[PDB]
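Structure file entry_11.cif; described as mmCIF, C-alpha atoms and all ligand atoms.
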```cif
data_coords
loop_
_atom_site.label_atom_id
_atom_site.label_comp_id
_atom_site.auth_asym_id
_atom_site.auth_seq_id
_atom_site.Cartn_x
_atom_site.Cartn_y
_atom_site.Cartn_z
CA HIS I 5 57.99 42.40 48.50
CA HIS I 6 60.97 44.55 47.49
CA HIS I 7 62.13 48.18 47.17
CA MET I 8 64.86 47.62 44.52
CA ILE I 9 65.18 45.06 41.69
CA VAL I 10 67.14 44.13 38.60
CA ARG I 11 64.78 42.20 36.32
CA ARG I 12 63.95 41.57 32.63
CA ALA I 13 62.21 44.48 30.93
CA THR I 14 58.58 44.03 29.83
CA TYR I 15 56.49 45.81 27.14
CA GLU I 16 54.90 47.86 30.04
CA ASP I 17 58.35 49.28 30.96
CA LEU I 18 59.16 50.54 27.40
CA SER I 19 57.59 53.99 27.87
CA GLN I 20 59.79 54.73 30.94
CA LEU I 21 62.82 52.85 29.52
CA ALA I 22 62.70 55.00 26.29
CA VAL I 23 63.69 58.12 28.30
CA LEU I 24 66.88 56.42 29.57
CA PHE I 25 67.50 54.88 26.10
CA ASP I 26 67.28 58.40 24.61
CA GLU I 27 69.77 59.61 27.30
CA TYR I 28 72.18 56.82 26.39
CA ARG I 29 71.92 57.84 22.69
CA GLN I 30 72.70 61.53 23.67
CA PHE I 31 75.80 60.27 25.56
CA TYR I 32 76.94 58.81 22.19
CA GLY I 33 76.37 62.14 20.33
CA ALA I 34 72.77 61.70 19.13
CA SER I 35 70.21 64.49 19.14
CA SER I 36 67.42 63.85 21.67
CA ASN I 37 64.28 62.46 20.00
CA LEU I 38 62.11 60.51 22.41
CA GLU I 39 59.70 59.28 19.71
CA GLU I 40 62.59 57.92 17.53
CA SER I 41 64.38 56.43 20.59
CA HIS I 42 61.17 54.71 21.77
CA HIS I 43 60.28 53.31 18.31
CA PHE I 44 63.78 51.76 17.96
CA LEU I 45 63.78 50.54 21.62
CA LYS I 46 60.53 48.65 20.70
CA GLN I 47 62.19 47.11 17.60
CA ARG I 48 65.17 45.94 19.75
CA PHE I 49 62.82 44.69 22.52
CA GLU I 50 60.84 42.68 19.89
CA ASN I 51 64.04 41.09 18.54
CA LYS I 52 64.13 37.36 19.45
CA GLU I 53 67.80 37.21 20.46
CA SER I 54 67.88 40.48 22.49
CA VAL I 55 67.59 40.66 26.27
CA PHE I 56 67.01 43.82 28.32
CA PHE I 57 67.61 43.98 32.08
CA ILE I 58 66.52 47.09 34.00
CA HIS I 59 67.30 48.41 37.44
CA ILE I 60 64.34 49.79 39.39
CA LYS I 61 64.83 51.67 42.66
CA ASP I 62 61.72 52.92 44.51
CA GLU I 63 59.54 52.24 41.39
CA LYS I 64 61.90 54.36 39.16
CA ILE I 65 64.03 52.80 36.37
CA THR I 66 67.58 53.96 37.20
CA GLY I 67 69.37 52.10 34.40
CA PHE I 68 69.51 49.25 31.91
CA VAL I 69 71.73 46.75 30.06
CA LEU I 70 70.98 45.41 26.58
CA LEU I 71 72.48 42.05 25.61
CA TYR I 72 72.13 40.04 22.34
CA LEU I 73 73.02 36.50 21.29
CA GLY I 74 76.38 35.99 19.55
CA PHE I 75 77.59 32.97 17.58
CA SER I 76 81.21 31.90 17.69
CA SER I 77 81.98 29.85 14.54
CA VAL I 78 85.40 28.81 15.92
CA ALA I 79 84.03 27.46 19.23
CA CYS I 80 80.69 26.29 17.68
CA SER I 81 78.93 27.80 20.64
CA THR I 82 76.93 30.91 21.52
CA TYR I 83 77.92 33.82 23.72
CA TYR I 84 76.38 37.20 24.68
CA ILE I 85 77.24 40.72 23.56
CA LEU I 86 76.73 43.44 26.17
CA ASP I 87 75.67 46.04 23.64
CA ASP I 88 74.52 49.05 25.75
CA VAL I 89 74.81 49.91 29.50
CA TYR I 90 73.48 53.09 31.02
CA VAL I 91 72.56 54.58 34.40
CA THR I 92 70.76 57.95 34.58
CA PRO I 93 72.98 60.63 36.27
CA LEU I 94 70.67 61.12 39.36
CA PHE I 95 71.35 57.49 40.33
CA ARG I 96 75.05 57.18 39.39
CA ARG I 97 77.74 55.69 41.62
CA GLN I 98 75.26 53.69 43.74
CA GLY I 99 76.09 50.22 42.28
CA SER I 100 73.29 50.15 39.62
CA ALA I 101 75.66 49.28 36.70
CA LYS I 102 77.40 46.70 38.93
CA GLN I 103 74.02 44.99 39.75
CA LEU I 104 72.94 45.12 36.08
CA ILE I 105 76.17 43.45 34.91
CA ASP I 106 76.05 40.89 37.77
CA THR I 107 72.56 39.78 36.67
CA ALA I 108 73.80 39.84 32.99
CA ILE I 109 76.69 37.45 34.02
CA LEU I 110 74.38 35.08 35.97
CA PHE I 111 71.98 35.07 32.95
CA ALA I 112 74.84 34.31 30.47
CA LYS I 113 76.05 31.44 32.77
CA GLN I 114 72.45 30.07 32.93
CA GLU I 115 72.44 30.12 29.06
CA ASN I 116 75.83 28.21 28.96
CA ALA I 117 77.43 31.17 27.09
CA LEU I 118 81.17 31.04 26.28
CA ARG I 119 81.58 34.62 27.57
CA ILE I 120 80.09 38.15 27.54
CA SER I 121 81.88 40.42 25.00
CA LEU I 122 81.55 44.13 24.45
CA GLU I 123 83.14 47.11 22.75
CA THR I 124 83.36 50.54 24.41
CA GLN I 125 85.06 53.81 23.37
CA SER I 126 88.79 54.07 24.11
CA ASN I 127 88.10 57.58 25.51
CA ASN I 128 85.49 56.15 27.98
CA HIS I 129 87.78 55.48 30.99
CA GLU I 130 84.78 55.35 33.42
CA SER I 131 83.35 52.30 31.54
CA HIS I 132 86.78 50.58 31.45
CA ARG I 133 86.92 50.90 35.32
CA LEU I 134 83.40 49.42 35.57
CA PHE I 135 84.10 46.48 33.22
CA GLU I 136 87.47 45.68 34.80
CA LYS I 137 85.84 45.69 38.27
CA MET I 138 83.24 43.21 36.84
CA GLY I 139 85.86 40.76 35.54
CA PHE I 140 86.18 41.90 31.92
CA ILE I 141 89.64 41.67 30.32
CA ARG I 142 90.72 44.03 27.56
CA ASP I 143 91.03 42.28 24.15
CA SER I 144 94.34 43.08 22.44
CA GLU I 145 94.39 40.46 19.61
CA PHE I 146 91.64 41.93 17.36
CA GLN I 147 91.31 45.03 15.13
CA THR I 148 87.86 46.41 14.17
CA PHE I 149 87.19 47.57 10.56
CA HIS I 150 84.16 49.48 9.16
CA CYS I 151 82.96 49.90 5.62
CA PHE I 152 80.70 52.98 5.67
CA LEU I 153 77.66 52.73 3.38
CA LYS I 154 75.60 55.83 4.18
CA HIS V 6 77.40 30.78 -16.18
CA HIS V 7 80.43 28.74 -14.96
CA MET V 8 81.20 30.68 -11.71
CA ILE V 9 78.86 32.40 -9.20
CA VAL V 10 78.66 34.19 -5.86
CA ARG V 11 75.19 33.42 -4.54
CA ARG V 12 73.21 32.88 -1.31
CA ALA V 13 73.88 29.45 0.23
CA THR V 14 70.99 26.93 0.21
CA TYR V 15 70.23 23.73 2.28
CA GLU V 16 71.76 21.66 -0.56
CA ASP V 17 75.15 23.42 -0.24
CA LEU V 18 75.53 22.64 3.51
CA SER V 19 77.31 19.24 3.20
CA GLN V 20 80.02 20.78 1.00
CA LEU V 21 80.00 24.17 2.85
CA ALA V 22 80.58 22.37 6.20
CA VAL V 23 83.98 21.19 4.89
CA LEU V 24 85.03 24.83 4.19
CA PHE V 25 83.53 26.03 7.49
CA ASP V 26 85.51 23.31 9.36
CA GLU V 27 88.69 24.49 7.47
CA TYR V 28 87.96 28.10 8.55
CA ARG V 29 87.59 26.81 12.18
CA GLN V 30 90.99 25.03 11.89
CA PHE V 31 92.64 28.29 10.71
CA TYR V 32 91.41 29.90 13.96
CA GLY V 33 92.82 26.94 15.96
CA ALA V 34 89.84 24.57 16.37
CA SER V 35 90.25 20.80 16.04
CA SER V 36 88.56 19.40 12.90
CA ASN V 37 85.13 17.95 13.66
CA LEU V 38 82.83 17.81 10.61
CA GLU V 39 79.78 16.75 12.70
CA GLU V 40 80.17 19.71 15.12
CA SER V 41 81.00 22.13 12.24
CA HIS V 42 78.01 21.08 10.13
CA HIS V 43 75.55 21.11 13.09
CA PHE V 44 76.54 24.68 14.06
CA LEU V 45 76.65 25.78 10.38
CA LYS V 46 73.01 24.58 10.01
CA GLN V 47 72.00 26.38 13.26
CA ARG V 48 73.49 29.62 11.90
CA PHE V 49 71.98 29.03 8.44
CA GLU V 50 68.50 28.64 10.04
CA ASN V 51 68.94 31.97 11.95
CA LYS V 52 66.63 34.48 10.24
CA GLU V 53 69.19 37.34 10.78
CA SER V 54 72.19 35.46 9.23
CA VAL V 55 73.16 35.75 5.54
CA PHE V 56 75.53 33.33 3.76
CA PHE V 57 77.14 33.92 0.39
CA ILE V 58 79.27 31.28 -1.34
CA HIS V 59 81.66 31.44 -4.24
CA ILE V 60 81.20 28.46 -6.60
CA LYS V 61 83.68 27.61 -9.43
CA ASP V 62 82.33 24.84 -11.73
CA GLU V 63 80.12 23.33 -8.91
CA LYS V 64 83.04 23.43 -6.34
CA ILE V 65 82.61 25.81 -3.35
CA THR V 66 85.81 27.87 -3.24
CA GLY V 67 84.87 30.10 -0.30
CA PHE V 68 82.20 31.86 1.70
CA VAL V 69 81.23 34.90 3.74
CA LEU V 70 78.81 34.94 6.69
CA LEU V 71 77.09 38.12 7.74
CA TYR V 72 74.48 38.91 10.42
CA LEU V 73 72.22 41.78 11.35
CA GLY V 74 73.43 44.44 13.81
CA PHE V 75 71.49 47.18 15.60
CA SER V 76 72.99 50.55 16.31
CA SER V 77 71.18 52.18 19.27
CA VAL V 78 72.93 55.53 18.63
CA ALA V 79 71.86 55.77 14.96
CA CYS V 80 68.50 53.94 15.50
CA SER V 81 69.33 51.93 12.40
CA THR V 82 70.55 48.48 11.39
CA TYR V 83 73.91 47.46 9.95
CA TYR V 84 75.70 44.18 9.05
CA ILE V 85 78.54 42.37 10.72
CA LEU V 86 80.93 40.46 8.42
CA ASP V 87 81.53 37.64 10.88
CA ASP V 88 83.42 35.04 8.80
CA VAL V 89 85.31 35.05 5.52
CA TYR V 90 87.30 32.14 4.12
CA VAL V 91 88.69 30.91 0.79
CA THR V 92 90.10 27.35 0.55
CA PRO V 93 93.91 27.58 -0.15
CA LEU V 94 93.81 25.92 -3.67
CA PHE V 95 91.54 28.75 -4.89
CA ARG V 96 93.32 31.70 -3.17
CA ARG V 97 94.58 34.92 -4.89
CA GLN V 98 91.92 34.48 -7.63
CA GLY V 99 89.47 37.23 -6.49
CA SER V 100 87.08 34.89 -4.59
CA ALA V 101 87.09 36.96 -1.34
CA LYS V 102 86.92 40.20 -3.36
CA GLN V 103 83.73 38.95 -5.15
CA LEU V 104 82.19 37.65 -1.86
CA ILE V 105 82.75 41.02 -0.17
CA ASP V 106 81.60 42.99 -3.26
CA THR V 107 78.37 40.93 -3.14
CA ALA V 108 78.07 41.52 0.68
CA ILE V 109 78.39 45.31 0.19
CA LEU V 110 75.70 45.29 -2.58
CA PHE V 111 73.43 43.21 -0.33
CA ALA V 112 74.04 45.61 2.65
CA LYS V 113 73.23 48.66 0.43
CA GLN V 114 70.02 46.91 -0.78
CA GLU V 115 69.15 46.40 2.95
CA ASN V 116 69.81 50.15 3.66
CA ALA V 117 72.50 49.21 6.23
CA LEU V 118 74.61 51.99 7.86
CA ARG V 119 77.84 50.03 7.33
CA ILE V 120 79.47 46.61 7.41
CA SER V 121 81.56 46.06 10.55
CA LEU V 122 84.09 43.37 11.37
CA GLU V 123 86.87 42.22 13.71
CA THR V 124 90.03 40.41 12.52
CA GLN V 125 93.36 39.48 14.20
CA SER V 126 95.86 42.38 14.38
CA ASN V 127 98.64 40.09 13.08
CA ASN V 128 96.51 38.78 10.12
CA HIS V 129 98.37 40.69 7.35
CA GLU V 130 96.30 39.05 4.55
CA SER V 131 92.86 39.97 5.99
CA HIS V 132 93.94 43.62 6.58
CA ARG V 133 95.03 43.89 2.90
CA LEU V 134 91.76 42.35 1.79
CA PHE V 135 89.46 44.56 3.90
CA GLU V 136 91.42 47.72 3.01
CA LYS V 137 91.22 46.78 -0.71
CA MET V 138 87.40 46.52 -0.28
CA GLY V 139 87.09 50.00 1.25
CA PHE V 140 87.09 49.04 4.95
CA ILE V 141 88.74 51.50 7.37
CA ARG V 142 90.65 50.39 10.47
CA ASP V 143 88.94 51.66 13.63
CA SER V 144 90.74 51.87 16.97
CA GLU V 145 88.33 54.33 18.71
CA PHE V 146 86.62 51.34 20.40
CA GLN V 147 88.17 48.78 22.72
CA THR V 148 86.78 45.21 23.05
CA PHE V 149 86.46 43.55 26.49
CA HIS V 150 85.62 39.93 27.33
CA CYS V 151 84.33 38.28 30.51
CA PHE V 152 85.25 34.59 30.06
CA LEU V 153 82.66 32.19 31.44
CA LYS V 154 84.12 28.83 30.20
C1 LIG L 1 79.32 54.00 33.12
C2 LIG L 1 78.02 53.91 33.92
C3 LIG L 1 77.13 52.83 33.29
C4 LIG L 1 78.34 53.52 35.36
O1 LIG L 1 77.09 53.33 36.08
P1 LIG L 1 77.03 53.46 37.67
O2 LIG L 1 75.77 52.84 38.15
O3 LIG L 1 77.31 54.86 38.06
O4 LIG L 1 78.24 52.52 38.15
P2 LIG L 1 78.43 51.83 39.58
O5 LIG L 1 77.89 52.75 40.61
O6 LIG L 1 77.89 50.45 39.53
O7 LIG L 1 80.03 51.78 39.68
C5 LIG L 1 80.68 50.49 39.60
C6 LIG L 1 82.14 50.69 39.30
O8 LIG L 1 82.30 51.29 38.00
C7 LIG L 1 83.39 52.19 38.02
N1 LIG L 1 82.88 53.54 37.82
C8 LIG L 1 81.58 53.95 37.74
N2 LIG L 1 81.47 55.25 37.57
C9 LIG L 1 82.78 55.71 37.55
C10 LIG L 1 83.34 56.99 37.41
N3 LIG L 1 82.62 58.10 37.25
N4 LIG L 1 84.69 57.09 37.43
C11 LIG L 1 85.41 55.97 37.59
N5 LIG L 1 85.00 54.72 37.74
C12 LIG L 1 83.66 54.66 37.71
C13 LIG L 1 84.06 52.02 39.37
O9 LIG L 1 85.05 51.02 39.29
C14 LIG L 1 82.88 51.63 40.24
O10 LIG L 1 83.27 50.96 41.43
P3 LIG L 1 83.42 51.97 42.68
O11 LIG L 1 82.21 52.87 42.68
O12 LIG L 1 83.47 51.10 43.91
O13 LIG L 1 84.70 52.73 42.48
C15 LIG L 1 77.29 55.26 33.88
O14 LIG L 1 78.18 56.26 34.33
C16 LIG L 1 76.78 55.60 32.49
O15 LIG L 1 75.62 55.35 32.19
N6 LIG L 1 77.62 56.20 31.66
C17 LIG L 1 77.25 56.58 30.30
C18 LIG L 1 77.05 55.39 29.40
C19 LIG L 1 78.30 54.53 29.30
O16 LIG L 1 79.41 55.03 29.34
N7 LIG L 1 78.12 53.21 29.18
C20 LIG L 1 79.21 52.28 28.94
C21 LIG L 1 79.34 51.90 27.49
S1 LIG L 1 78.00 50.80 26.97
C1 LIG L 2 92.11 36.23 3.50
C2 LIG L 2 91.46 35.34 2.44
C3 LIG L 2 89.97 35.22 2.75
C4 LIG L 2 91.66 35.99 1.07
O1 LIG L 2 90.89 35.23 0.10
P1 LIG L 2 91.29 35.28 -1.46
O2 LIG L 2 90.11 34.83 -2.24
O3 LIG L 2 92.58 34.60 -1.68
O4 LIG L 2 91.50 36.85 -1.73
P2 LIG L 2 91.44 37.61 -3.13
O5 LIG L 2 92.09 36.77 -4.17
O6 LIG L 2 90.03 38.04 -3.35
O7 LIG L 2 92.35 38.89 -2.85
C5 LIG L 2 91.72 40.15 -2.55
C6 LIG L 2 92.76 41.08 -1.98
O8 LIG L 2 93.12 40.63 -0.65
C7 LIG L 2 94.50 40.87 -0.43
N1 LIG L 2 95.17 39.60 -0.24
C8 LIG L 2 94.67 38.34 -0.45
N2 LIG L 2 95.54 37.40 -0.18
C9 LIG L 2 96.67 38.08 0.25
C10 LIG L 2 97.94 37.65 0.68
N3 LIG L 2 98.30 36.37 0.76
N4 LIG L 2 98.84 38.60 1.03
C11 LIG L 2 98.47 39.88 0.95
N5 LIG L 2 97.31 40.40 0.55
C12 LIG L 2 96.45 39.44 0.21
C13 LIG L 2 95.00 41.64 -1.64
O9 LIG L 2 94.86 43.03 -1.42
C14 LIG L 2 94.08 41.11 -2.73
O10 LIG L 2 94.00 41.98 -3.86
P3 LIG L 2 95.05 41.56 -5.02
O11 LIG L 2 94.97 40.07 -5.21
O12 LIG L 2 94.61 42.31 -6.25
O13 LIG L 2 96.41 41.99 -4.55
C15 LIG L 2 92.10 33.95 2.46
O14 LIG L 2 93.51 34.08 2.39
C16 LIG L 2 91.72 33.13 3.69
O15 LIG L 2 90.77 32.36 3.64
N6 LIG L 2 92.46 33.28 4.77
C17 LIG L 2 92.23 32.54 6.00
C18 LIG L 2 90.97 32.97 6.71
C19 LIG L 2 91.01 34.44 7.07
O16 LIG L 2 92.08 35.00 7.30
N7 LIG L 2 89.85 35.08 7.13
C20 LIG L 2 89.65 36.31 7.87
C21 LIG L 2 89.81 36.11 9.36
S1 LIG L 2 88.93 37.36 10.33
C1 LIG L 3 79.29 48.50 25.71
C2 LIG L 3 79.06 49.12 24.32
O1 LIG L 3 79.16 48.40 23.37
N1 LIG L 3 78.76 50.53 24.10
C3 LIG L 3 78.57 51.01 22.74
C4 LIG L 3 77.13 50.86 22.26
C5 LIG L 3 77.07 50.10 20.94
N2 LIG L 3 77.50 48.73 21.12
MG MG L 4 80.66 35.49 15.63
MG MG L 5 74.92 47.70 18.67
#
```

Could you spell out this file's structure in structure tokens?
Amino acid sequence: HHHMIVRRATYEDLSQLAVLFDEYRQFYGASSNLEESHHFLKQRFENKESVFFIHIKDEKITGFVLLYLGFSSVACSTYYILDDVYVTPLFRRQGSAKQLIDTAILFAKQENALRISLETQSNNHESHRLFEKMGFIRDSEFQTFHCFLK
Amino acid sequence: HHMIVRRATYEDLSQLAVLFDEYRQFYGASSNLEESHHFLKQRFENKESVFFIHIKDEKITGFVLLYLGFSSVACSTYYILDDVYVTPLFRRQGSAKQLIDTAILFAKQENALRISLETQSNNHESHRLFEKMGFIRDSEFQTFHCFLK
């Protein structure tokens, strides 16, 4: 029996998780649309190489982390991408993101991943403090490029 | 036809492994055709991966490997241009240009938001290539890594 847990998300959690997923999208500039957020959360959940971990405190989902499998051609090995991390404001600064990333790290090690990689906004200093505390090192060697199609 | 940029098939993998091993060596890996081919086949069997090869008179001159990406913010998919390589003998002949032009057409057909990639900051050649193909340098995001091995 427990009162707090970080565990893999299930289909049964998607309805509650969609609210936090919609909040994460709003943080990134998106207009709130619970129905759209939920439909796409279901597509990502039903994607073979994606893994969602959620943080539940007193039966409430406080946050989540979405990871997906990466393939490193140079190393000829897999790794994990920490795609999205979010904690709802009511539960911030209580160690939720820390616990979510700690479980993400233990999971990646269990999967013999090379590393966990991510990209976060340069203007998001709060996230840089979180990732550095968790053992992430800033990549300097690479430059991102986008070719916009729509 | 005498030249073509097309999807890779199972039959191209023995020859494609040689190019993929060459691409690995450019990024500093030791040559190992068995390891290169085994991983190439694992990526080729991934349902979200897409390989295009440039073939000049039955010789593979180069390739591009793309994979599906999900944008949570846009609630839409996109493509990541993961690997691009042209064997030195066939360089500065438009092989990479044709591979990327095909990748863009494929991404548009798939209704992708964009094609995204990462390349070394000191790789002058790749920056000229991607800029020629309409890619824009983006420094609004910072990459972090948590090394496990
Ligand atoms: C960033 C975010 C995930 C942090 O979640 P959280 O549960 O509040 O974080 P924690 O309580 O585990 O904090 C862990 C560490 O992160 C850093 N951190 C977290 N919030 C911070 C803040 N507001 N300012 C500075 N550092 C902060 C600190 O180093 C902190 O350690 P400390 O509290 O001992 O100083 C949360 O604020 C959030 O959802 N933000 C919006 C989405 C986002 O930016 N995600 C990252 C990109 S995917
Ligand atoms: C980069 C690379 C793929 C280019 O392949 P390529 O088939 O020779 O390229 P193309 O002939 O299609 O050239 C397309 C454009 O790229 C640029 N380019 C290509 N080679 C270049 C070079 N040596 N110097 C400068 N710009 C160059 C030019 O803008 C060129 O247009 P142009 O020929 O009209 O001037 C090839 O040099 C290679 O395999 N390099 C090693 C692997 C690599 O760097 N891949 C990317 C790592 S993330
Ligand atoms: C950690 C992080 O990547 N945040 C941006 C969300 C799209 N990847
Ligand atoms: Mg890769
Ligand atoms: Mg994403």

Counting all atoms listed in the file, chain V residues within 8 Å of chain I, as a VMD selection string: chain V and resid 28 to 30 32 to 34 40 to 41 44 to 45 48 75 77 to 81 88 113 117 to 127 135 139 to 154

Show me which residues are within 10 Å of ligand LIG 2 (chain L) counting all atoms listed in the file, and format the list as a VMD selection string. (chain I and resid 146 to 148) or (chain V and resid 24 27 to 32 59 66 to 69 86 to 106 122 to 126 128 to 138)

Self-check item: Minimum-distance residue to ligand LIG 1 (chain L), chosen among I:24, I:55, I:49, I:111 (using only C-alpha atoms and all ligand atoms)
Solution: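 Ranked by minimum distance to ligand LIG 1 (chain L), first place goes to I:24.
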
Please compute the CA of residue 109 in chain V-CA of residue 8 in chain V distance, one decimal, in Å.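 Answer for the CA of residue 109 in chain V to CA of residue 8 in chain V separation: 19.1 Å.
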
In the coordinate frame of the file, compute which residues have an atom within 6 Å of (62.5, 45.2, 28.4) when using all atoms listed in the file, and state them as a short mmCIF file (atom, residue, chain, number, x, y, z; two decimals) with C-alpha atoms, keeping the file's coordinate frame.
```
data_model
loop_
_atom_site.label_atom_id
_atom_site.label_comp_id
_atom_site.auth_asym_id
_atom_site.auth_seq_id
_atom_site.Cartn_x
_atom_site.Cartn_y
_atom_site.Cartn_z
CA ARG I 12 63.95 41.57 32.63
CA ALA I 13 62.21 44.48 30.93
CA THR I 14 58.58 44.03 29.83
CA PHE I 49 62.82 44.69 22.52
CA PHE I 56 67.01 43.82 28.32
#
```

>> Env of residue 91 in chain I: 10 Å cut, atoms = only C-alpha atoms, seq-sep filter 6 positions within chain, self excluded. Answer as a ChimeraX atom specification.
In response: /I:24-25,27-28,58-59,65-69,97-101,104

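Counting from CA of residue 42 in chain V, the distance to CA of residue 63 in chain V is 19.3 Å.
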